[PDB]
């Protein structure tokens, strides 16, 4: 149970919920065919569009509740340690990131982390105090994008619709950059199936721990767009 609530650009905190499309609470989306899978069930947004240089180190911050409603003492902040799973970021080119609707966009993946050497992306998130990072591709065309950030908690993912999707979107404007417009994109909903090997999955191993039995974890969705 967590909410995407801030972006940082090369270390500069952009502000609490600034440029963020956010849900009313920290409950997961569990229906991958719902429009909620795009940017969550959005109940607040603003007209701010964050400036993001191509090539910049982008941080996305997750907290158990909105801002002050989650404290440094909370064992489930940024998220409960049990909630093992991957963290991903997608972009979609839009006309105006502040005014665009979210249906029918063409999404491409720019970052993902799953399971490696016994450690999940969520473990990194906890180690880094609620922040997850990626480098904005250098070659991407400048301008308005929606940035979809996603954390999938898999501690109850062995059952249908048991995977817990924590999602939000940020409104961004990429500066500098190149001319790349990814030819292969995906739809939300559409990109995920409830039967995907990284969504319908029992992550508990031989000794009952969340180690996925040491097996490779297949992060849902497409290959990364790269420069």
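Numbering follows the first chain given and starts at 1.
Between 172-180 and 34-42, the higher mean Cα B-factor belongs to 172-180.
When the C-alpha B-factors of 81-89 and 133-141 are averaged, 133-141 comes out higher.
The residue among 67, 28, 198, 59 whose C-alpha carries the highest B-factor in the deposited model is 67.
The entry lists a Cα temperature factor for residue 150 that places it in the lowest third of the chain's modelled residues. When the CA B factors of the chain's modelled residues are split into thirds, the value for residue 15 lands in the middle one. Looking at the C-alpha B-factors along this chain, the one for residue 47 belongs to the highest third. The PDB entry assigns residue 123 a C-alpha temperature factor belonging to the middle third of its chain's modelled residues. Annotation for residue 103: CA B-factor lies in the highest third of the chain's modelled residues.
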